[PDB]
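Source file upload-v5.csv; content: CSV, C-alpha atoms and all ligand atoms.
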chain,number,residue,atom,x,y,z
A,347,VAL,CA,-49.8,46.4,32.9
A,348,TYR,CA,-46.8,47.4,35.1
A,349,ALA,CA,-45.7,43.7,35.2
A,350,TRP,CA,-47.0,42.9,31.7
A,351,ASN,CA,-46.5,39.3,30.9
A,352,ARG,CA,-44.2,38.3,28.0
A,353,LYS,CA,-44.1,35.0,26.2
A,354,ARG,CA,-41.6,33.9,23.5
A,355,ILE,CA,-43.0,32.0,20.5
A,356,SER,CA,-40.5,30.1,18.4
A,357,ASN,CA,-40.2,26.9,16.4
A,358,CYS,CA,-43.9,26.5,15.6
A,359,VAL,CA,-46.4,27.2,12.9
A,360,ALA,CA,-49.4,29.5,13.5
A,361,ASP,CA,-52.6,29.8,11.4
A,362,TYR,CA,-53.3,33.5,11.7
A,363,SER,CA,-56.5,33.2,9.7
A,364,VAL,CA,-58.2,32.1,12.9
A,365,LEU,CA,-56.8,35.2,14.7
A,366,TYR,CA,-58.0,37.9,12.3
A,367,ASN,CA,-61.2,36.2,11.2
A,368,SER,CA,-62.3,36.4,14.8
A,369,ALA,CA,-65.0,39.0,15.7
A,370,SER,CA,-64.1,39.0,19.4
A,371,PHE,CA,-61.6,41.9,19.2
A,372,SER,CA,-62.3,45.6,19.3
A,373,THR,CA,-58.8,46.8,18.5
A,374,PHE,CA,-56.7,45.0,15.9
A,375,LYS,CA,-54.0,47.2,14.5
A,376,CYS,CA,-50.8,45.9,12.7
A,377,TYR,CA,-47.9,48.2,12.1
A,378,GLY,CA,-45.3,47.2,9.5
A,379,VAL,CA,-47.2,44.1,8.4
A,380,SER,CA,-50.7,43.2,7.3
A,381,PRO,CA,-52.9,40.7,9.2
A,382,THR,CA,-53.7,38.8,6.0
A,383,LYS,CA,-50.0,38.4,5.1
A,384,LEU,CA,-48.9,36.7,8.3
A,385,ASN,CA,-49.9,33.3,6.9
A,386,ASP,CA,-47.3,33.7,4.2
A,387,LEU,CA,-44.5,35.2,6.3
A,388,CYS,CA,-41.9,33.4,8.4
A,389,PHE,CA,-40.4,35.2,11.4
A,390,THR,CA,-37.3,34.5,13.4
A,391,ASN,CA,-39.2,35.0,16.7
A,392,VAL,CA,-42.4,36.4,18.0
A,393,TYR,CA,-43.1,38.0,21.4
A,394,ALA,CA,-46.6,38.0,22.8
A,395,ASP,CA,-47.0,40.6,25.6
A,396,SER,CA,-50.3,40.3,27.5
B,941,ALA,CA,1.1,58.0,-18.0
B,942,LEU,CA,-2.1,56.3,-19.2
B,943,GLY,CA,-4.0,57.7,-16.2
B,944,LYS,CA,-5.9,60.0,-18.4
B,945,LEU,CA,-7.6,57.0,-20.0
B,946,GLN,CA,-7.8,55.1,-16.7
B,947,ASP,CA,-9.3,58.1,-15.0
B,948,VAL,CA,-12.1,58.1,-17.5
B,949,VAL,CA,-12.9,54.5,-16.8
B,950,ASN,CA,-12.7,55.0,-13.1
B,951,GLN,CA,-15.2,57.9,-13.3
B,952,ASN,CA,-17.7,55.8,-15.2
B,953,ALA,CA,-17.3,52.9,-12.8
B,954,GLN,CA,-17.8,55.2,-9.8
B,955,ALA,CA,-21.0,56.6,-11.3
B,956,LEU,CA,-22.5,53.2,-11.8
B,957,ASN,CA,-21.5,52.1,-8.3
B,958,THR,CA,-23.3,55.1,-6.8
B,959,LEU,CA,-26.3,54.3,-8.9
B,960,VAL,CA,-26.4,50.7,-7.7
B,961,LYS,CA,-25.8,51.7,-4.1
B,962,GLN,CA,-28.8,54.1,-4.3
B,963,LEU,CA,-31.0,51.0,-4.6
B,964,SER,CA,-30.0,50.2,-1.0
B,965,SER,CA,-31.5,53.4,0.4
B,966,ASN,CA,-34.9,53.4,2.0
B,967,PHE,CA,-35.7,57.0,1.1
B,968,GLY,CA,-38.1,57.0,4.1
B,969,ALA,CA,-39.7,53.6,3.3
B,970,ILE,CA,-39.7,50.9,5.9
B,971,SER,CA,-37.6,48.8,3.6
B,972,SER,CA,-35.3,49.4,0.5
B,973,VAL,CA,-36.5,46.1,-1.0
B,974,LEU,CA,-39.8,46.2,-2.9
B,975,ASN,CA,-40.4,42.5,-2.4
B,976,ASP,CA,-40.4,42.9,1.4
B,977,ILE,CA,-42.9,45.8,1.2
B,978,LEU,CA,-45.1,43.9,-1.2
B,979,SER,CA,-45.1,40.7,0.8
B,980,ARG,CA,-45.7,42.4,4.2
B,981,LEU,CA,-48.2,45.2,3.4
B,982,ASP,CA,-51.6,45.6,1.8
B,983,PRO,CA,-51.8,47.7,-1.4
B,984,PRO,CA,-53.1,50.8,0.4
B,985,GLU,CA,-50.2,50.7,2.8
B,986,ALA,CA,-47.7,49.3,0.3
B,987,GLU,CA,-48.2,52.1,-2.2
B,988,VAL,CA,-47.3,54.8,0.4
B,989,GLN,CA,-43.9,53.0,1.0
C,496,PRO,CA,-69.2,46.1,36.0
C,497,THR,CA,-71.0,49.5,36.3
C,498,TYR,CA,-68.1,51.4,34.8
C,499,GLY,CA,-68.3,53.1,31.4
C,500,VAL,CA,-66.6,51.8,28.3
C,501,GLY,CA,-63.7,54.1,29.0
C,502,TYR,CA,-63.0,52.4,32.4
C,503,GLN,CA,-64.0,48.8,31.7
C,504,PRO,CA,-61.2,46.3,31.7
C,505,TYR,CA,-59.6,45.5,28.3
C,506,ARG,CA,-57.2,42.6,27.7
C,507,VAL,CA,-54.4,43.6,25.3
C,508,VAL,CA,-51.9,41.3,23.5
C,509,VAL,CA,-49.1,42.8,21.5
C,510,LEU,CA,-47.5,40.5,19.0
C,511,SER,CA,-44.0,41.6,18.1
C,512,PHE,CA,-42.7,39.8,15.0
C,513,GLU,CA,-38.9,39.9,14.6
C,514,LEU,CA,-37.5,39.4,11.1
C,515,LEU,CA,-33.7,39.1,11.6
C,516,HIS,CA,-31.1,37.4,9.5
C,517,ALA,CA,-31.2,34.3,11.7
C,518,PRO,CA,-33.1,31.1,10.6
C,519,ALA,CA,-36.9,31.6,10.7
C,520,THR,CA,-38.7,29.6,13.4
C,521,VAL,CA,-42.2,31.0,13.5
C,522,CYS,CA,-44.1,30.5,10.2
C,523,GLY,CA,-47.6,30.4,8.7
C,524,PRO,CA,-49.5,27.3,7.6
C,525,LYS,CA,-48.0,27.4,4.1
C,526,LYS,CA,-46.8,24.2,2.5
C,527,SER,CA,-43.4,24.1,0.7
C,528,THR,CA,-43.3,22.8,-2.8
C,529,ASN,CA,-40.4,21.0,-4.6
C,530,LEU,CA,-37.2,22.8,-5.2
C,531,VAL,CA,-36.9,23.6,-9.0
C,532,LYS,CA,-33.5,24.6,-10.3
C,533,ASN,CA,-32.3,25.9,-13.7
C,534,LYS,CA,-35.7,27.5,-14.4
C,535,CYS,CA,-37.2,31.0,-14.1
C,536,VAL,CA,-39.4,30.5,-11.0
C,537,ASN,CA,-41.2,32.6,-8.4
C,538,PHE,CA,-39.6,31.5,-5.2
C,539,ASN,CA,-40.4,32.1,-1.6
C,540,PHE,CA,-37.8,31.2,1.0
C,541,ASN,CA,-39.0,31.8,4.5
C,542,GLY,CA,-41.1,34.7,3.3
C,543,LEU,CA,-38.3,36.1,1.2
C,544,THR,CA,-40.2,36.3,-2.1
A,1001,LIG,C1,-61.3,31.0,25.4
A,1001,LIG,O1,-61.8,30.8,24.0
A,1001,LIG,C2,-63.2,30.4,24.0
A,1001,LIG,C3,-63.5,30.1,22.6
A,1001,LIG,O2,-63.0,31.1,21.7
A,1001,LIG,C4,-63.4,30.8,20.4
A,1001,LIG,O3,-62.6,29.9,19.7
A,1001,LIG,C5,-61.2,30.2,19.6
A,1001,LIG,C6,-60.5,29.1,18.9
A,1001,LIG,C7,-61.1,31.5,18.8
A,1001,LIG,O4,-61.5,31.4,17.5
A,1001,LIG,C8,-61.9,32.6,19.5
A,1001,LIG,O5,-61.8,33.8,18.7
A,1001,LIG,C9,-63.3,32.2,19.6
A,1001,LIG,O6,-64.1,33.2,20.3
A,1001,LIG,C10,-64.1,31.4,24.7
A,1001,LIG,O7,-65.4,31.0,24.7
A,1001,LIG,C11,-66.1,31.8,23.7
A,1001,LIG,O8,-66.3,33.1,24.3
A,1001,LIG,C12,-67.0,34.0,23.3
A,1001,LIG,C13,-67.0,35.3,24.0
A,1001,LIG,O9,-65.9,35.6,24.8
A,1001,LIG,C14,-68.4,33.4,23.0
A,1001,LIG,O10,-68.9,34.3,21.9
A,1001,LIG,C15,-70.0,35.1,22.4
A,1001,LIG,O11,-71.1,34.3,22.7
A,1001,LIG,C16,-72.2,35.1,23.2
A,1001,LIG,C17,-73.3,34.1,23.6
A,1001,LIG,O12,-73.7,33.3,22.5
A,1001,LIG,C18,-74.8,32.4,22.9
A,1001,LIG,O13,-76.0,33.1,22.7
A,1001,LIG,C19,-76.3,33.4,21.3
A,1001,LIG,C20,-77.6,34.2,21.3
A,1001,LIG,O14,-77.4,35.5,21.9
A,1001,LIG,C21,-76.3,32.1,20.5
A,1001,LIG,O15,-76.6,32.5,19.1
A,1001,LIG,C22,-75.0,31.4,20.6
A,1001,LIG,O16,-75.0,30.3,19.8
A,1001,LIG,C23,-74.6,31.1,22.0
A,1001,LIG,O17,-75.6,30.1,22.5
A,1001,LIG,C24,-72.7,36.0,22.0
A,1001,LIG,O18,-73.8,36.8,22.5
A,1001,LIG,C25,-71.6,36.9,21.6
A,1001,LIG,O19,-72.0,37.6,20.4
A,1001,LIG,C26,-71.9,39.0,20.6
A,1001,LIG,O20,-70.6,39.5,20.6
A,1001,LIG,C27,-69.8,39.3,19.4
A,1001,LIG,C28,-68.4,39.7,19.6
A,1001,LIG,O21,-67.8,38.9,20.6
A,1001,LIG,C29,-70.6,40.1,18.3
A,1001,LIG,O22,-69.9,39.9,17.1
A,1001,LIG,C30,-72.0,39.6,18.2
A,1001,LIG,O23,-72.7,40.3,17.1
A,1001,LIG,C31,-72.7,39.7,19.5
A,1001,LIG,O24,-73.0,41.1,19.8
A,1001,LIG,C32,-73.7,41.1,21.0
A,1001,LIG,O25,-73.0,41.9,22.0
A,1001,LIG,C33,-73.1,43.3,21.8
A,1001,LIG,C34,-72.2,43.9,22.9
A,1001,LIG,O26,-70.8,43.7,22.6
A,1001,LIG,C35,-74.5,43.8,21.9
A,1001,LIG,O27,-74.6,45.2,21.9
A,1001,LIG,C36,-75.3,43.2,20.7
A,1001,LIG,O28,-76.6,43.7,20.7
A,1001,LIG,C37,-75.2,41.7,20.7
A,1001,LIG,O29,-76.1,41.2,21.6
A,1001,LIG,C38,-70.3,36.1,21.3
A,1001,LIG,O30,-70.5,35.5,20.1
A,1001,LIG,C39,-68.3,32.0,22.5
A,1001,LIG,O31,-69.6,31.5,22.3
A,1001,LIG,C40,-67.5,31.1,23.4
A,1001,LIG,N1,-67.3,29.8,22.9
A,1001,LIG,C41,-67.4,28.7,23.6
A,1001,LIG,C42,-67.1,27.4,22.9
A,1001,LIG,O32,-67.5,28.7,24.9
A,1001,LIG,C43,-63.6,31.7,26.1
A,1001,LIG,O33,-64.3,32.8,26.6
A,1001,LIG,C44,-62.1,32.1,26.1
A,1001,LIG,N2,-61.6,32.3,27.4
A,1001,LIG,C45,-60.9,33.4,27.8
A,1001,LIG,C46,-60.5,33.4,29.2
A,1001,LIG,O34,-60.7,34.3,27.0
Could you render the structure as structure tokens?
Amino acid sequence: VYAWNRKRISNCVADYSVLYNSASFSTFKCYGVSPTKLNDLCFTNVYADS
Amino acid sequence: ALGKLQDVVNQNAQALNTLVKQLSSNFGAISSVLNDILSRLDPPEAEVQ
Amino acid sequence: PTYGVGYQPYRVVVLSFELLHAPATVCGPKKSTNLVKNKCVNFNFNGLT
């Protein structure tokens, strides 16, 4: 967590239906956006911090 | 000399400008554009904004 | 493995979506239709509905 990894996602298409239809998550909280709207939104960049 | 008339026009214009500019205020919402709120948020969360 | 739920490891991924004025480069699996001009349409340009 102190050296949390960051990856930059750009210039690609993502099917977020797979992500939020998954039952493998205990926490899935989206602020400022809805999980079911991501398939209709285009973003300049995404950062995945793990 | 015609300022009295022009003044009136100016005032009206000013008022409308302010009105239009108020559409760019968030008033606490995440966005001042209704289309962005509706396209990003579910109805339960969109109605709050 | 014997720890309680409050101390078991949890893997966390935080997705930060940035919507700037720059060209969009991460999109959903939504197919683009033909461009229709001179008509009243319901357009969606890079999520700008
Ligand atoms: C990398 O990804 C791999 C694949 O990911 C999948 O595909 C991607 C594209 C994406 O969609 C992902 O969301 C998706 O998961 C990972 O491999 C997968 O790993 C999964 C778990 O990490 C695993 O699912 C689990 O499988 C177990 C075992 O299933 C077998 O036995 C059952 C009988 O029990 C059979 O019916 C199955 O056919 C299998 O033969 C299963 O028990 C798990 O279900 C439990 O957990 C679910 C939530 O995860 C619950 O919804 C469900 O109700 C059930 O609940 C149990 O657990 C409770 C405790 O939590 C307990 O109290 C309760 O009583 C229940 O007993 C779960 O389904 C996938 O099978 C597996 N897929 C493959 C192909 O291997 C891989 O791990 C990933 N790698 C990394 C590093 O992350």
Item to complete: Please extract the residues at most 8 Å from ligand LIG 1001 (chain A), counting all atoms listed in the file, and provide them as an MDAnalysis selection string, using the chain letters and residue numbers of this document.
Response: chainID A and resid 364:365 367:371
Item to complete: Counting all atoms listed in the file, collect the residues of chain B whose closest atom lies at most 10 Å from chain C, and write them out as a list in words.
Response: residues 974, 975, 976, 978, 979 and 980 of chain B
Response to the item:
From the list A:351, A:372, A:363, A:385, the nearest residue to chain B using all atoms listed in the file is A:385
Fill in: Contacts of residue 360 of chain A within 8 Å, all atoms listed in the file, excl. fewer than 5 positions in-chain, as an MDAnalysis selection string
(chainID A and resid 385) or (chainID C and resid 521:524)
Fill in: Counting only C-alpha atoms, chain A residues within 8 Å of chain B, as a PyMOL selection string
chain A and resi 378-380+383-384+387
With 10 Å as the cut-off and all atoms listed in the file counted, what is the closest atom pair between each nearby residue of chain C and chain A? Distances in Å to one decimal, ordered by chain and number, as a Markdown table.
| residue | atom | partner | partner_atom | distance |
| --- | --- | --- | --- | --- |
| C:505 | CA | A:372 | CA | 9.4 |
| C:506 | CA | A:396 | CA | 7.3 |
| C:507 | CA | A:396 | CA | 5.7 |
| C:508 | CA | A:396 | CA | 4.4 |
| C:509 | CA | A:395 | CA | 5.1 |
| C:510 | CA | A:394 | CA | 4.6 |
| C:511 | CA | A:393 | CA | 5.0 |
| C:512 | CA | A:392 | CA | 4.5 |
| C:513 | CA | A:391 | CA | 5.3 |
| C:514 | CA | A:389 | CA | 5.1 |
| C:515 | CA | A:390 | CA | 6.1 |
| C:516 | CA | A:390 | CA | 7.9 |
| C:517 | CA | A:390 | CA | 6.3 |
| C:518 | CA | A:390 | CA | 6.1 |
| C:519 | CA | A:390 | CA | 4.0 |
| C:520 | CA | A:357 | CA | 4.3 |
| C:521 | CA | A:389 | CA | 5.0 |
| C:522 | CA | A:388 | CA | 4.1 |
| C:523 | CA | A:385 | CA | 4.1 |
| C:524 | CA | A:361 | CA | 5.5 |
| C:525 | CA | A:386 | CA | 6.3 |
| C:526 | CA | A:386 | CA | 9.7 |
| C:539 | CA | A:386 | CA | 9.2 |
| C:540 | CA | A:388 | CA | 8.7 |
| C:541 | CA | A:388 | CA | 5.1 |
| C:542 | CA | A:387 | CA | 4.6 |
| C:543 | CA | A:387 | CA | 8.1 |
| C:544 | CA | A:387 | CA | 9.5 |
Residues from last step as file, C-alpha atoms, as a PDB file, in the coordinates of the input:
ATOM      1  CA  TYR C 505     -59.600  45.500  28.300  1.00  0.00           C
ATOM      2  CA  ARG C 506     -57.200  42.600  27.700  1.00  0.00           C
ATOM      3  CA  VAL C 507     -54.400  43.600  25.300  1.00  0.00           C
ATOM      4  CA  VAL C 508     -51.900  41.300  23.500  1.00  0.00           C
ATOM      5  CA  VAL C 509     -49.100  42.800  21.500  1.00  0.00           C
ATOM      6  CA  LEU C 510     -47.500  40.500  19.000  1.00  0.00           C
ATOM      7  CA  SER C 511     -44.000  41.600  18.100  1.00  0.00           C
ATOM      8  CA  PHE C 512     -42.700  39.800  15.000  1.00  0.00           C
ATOM      9  CA  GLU C 513     -38.900  39.900  14.600  1.00  0.00           C
ATOM     10  CA  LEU C 514     -37.500  39.400  11.100  1.00  0.00           C
ATOM     11  CA  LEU C 515     -33.700  39.100  11.600  1.00  0.00           C
ATOM     12  CA  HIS C 516     -31.100  37.400   9.500  1.00  0.00           C
ATOM     13  CA  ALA C 517     -31.200  34.300  11.700  1.00  0.00           C
ATOM     14  CA  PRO C 518     -33.100  31.100  10.600  1.00  0.00           C
ATOM     15  CA  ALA C 519     -36.900  31.600  10.700  1.00  0.00           C
ATOM     16  CA  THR C 520     -38.700  29.600  13.400  1.00  0.00           C
ATOM     17  CA  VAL C 521     -42.200  31.000  13.500  1.00  0.00           C
ATOM     18  CA  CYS C 522     -44.100  30.500  10.200  1.00  0.00           C
ATOM     19  CA  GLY C 523     -47.600  30.400   8.700  1.00  0.00           C
ATOM     20  CA  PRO C 524     -49.500  27.300   7.600  1.00  0.00           C
ATOM     21  CA  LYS C 525     -48.000  27.400   4.100  1.00  0.00           C
ATOM     22  CA  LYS C 526     -46.800  24.200   2.500  1.00  0.00           C
ATOM     23  CA  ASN C 539     -40.400  32.100  -1.600  1.00  0.00           C
ATOM     24  CA  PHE C 540     -37.800  31.200   1.000  1.00  0.00           C
ATOM     25  CA  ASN C 541     -39.000  31.800   4.500  1.00  0.00           C
ATOM     26  CA  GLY C 542     -41.100  34.700   3.300  1.00  0.00           C
ATOM     27  CA  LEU C 543     -38.300  36.100   1.200  1.00  0.00           C
ATOM     28  CA  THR C 544     -40.200  36.300  -2.100  1.00  0.00           C
TER      29      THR C 544
END
Practice prompt. Could you jot down the atom CA of residue 949 of chain B to atom CA of residue 961 of chain B separation for me, Å, one decimal place?
Written response: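 Separation between atom CA of residue 949 of chain B and atom CA of residue 961 of chain B: 18.3 Å.
One distance worth recording is that between atom CA of residue 984 of chain B and atom CA of residue 968 of chain B, which is 16.6 Å.
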